[PDB]
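Quick setup: one chain, the form deposited in one PDB entry, written in structure tokens, and binding and motion questions come after.
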């Protein structure tokens, strides 16, 4: 809603001058939106800026005070004429790189030979987070790359690929909130259910979040690394108890013979039994290793070839 001034070309830059002053920051002029930075140089192309609309970085001129405000920064796209692209859905645009962002009108720079589909929110900023398209979920980076004492916002809004953690993010990551892991394939499609990645199995369920710990899937129990999510197999000591997982990863219950040795996995919980235990009337004795005692004596007690306590 800025009127009364005029655009001016000087020193290879463009400004908007009203009553002798240069427009700074965000301005809505004659049906279009522009951004003039801190000193008035109209911007063009890709820009990572403080969000507009609060009034703290809007309708301002360089002769006015720039009160201190804390505003999140987001990616916006401006035409070569400086007009903000007021997209709220999506649009194919030159990819943003280290060579075509933060430029101002008058500067010379190359146009990305590569175009990409960028998604936008209802306030014309590049969208981040989850998006659903043509039957699949895609994740647009909420964060840029951290270096130690360094941050690059370029990845924000780009389609994520591979292992990706979904943090709660605003200006910074919210460490108190949960951050599930997801896996996006080569085209960015979010994987669901069982998937073998880098030689190991992971379970992403229906929501796509990587499962950890014990997980009940289609009538069977599986154990995924409590931290890394990879499916375990074979004998596993969990919670001070032994469990046997088949090569398929499914937990075994009942009698199980490993080589010549029998073991008994608790009917429901699946934990390996030790000591004397009864099964369908019969009594059996398992050593501390869980191995069933057979054709021998156990503290004055005889047990036959099936480990059954002989009367």
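Just so we're on the same page, rigid core means the largest C-alpha set that superposes within 1.5 Å between forms. Numbering follows the first chain given and starts at 1.
Quick note: we don't show the form deposited in another entry, though the next part is all about it.
Undergrad: Superposing the core, which one of 213, 144, 234, 79 shows a C-alpha shift reaching 2 Å or more between the shown form and the other one?
TA: Per the superposition, the moving residue is 144.
Undergrad: How about residue 277 - superposed on the rigid core, does its CA move between the shown form and the other one by 2 Å or more?
TA: After core superposition, the C-alpha of residue 277 moves 2 Å or more between the shown form and the other one.
Undergrad: Answer with closer or farther for the CA-CA spacing of residue 147 and residue 198 in the other entry compared to the shown form; it moves by 3 Å or more.
TA: Pair moves farther apart in the other entry.
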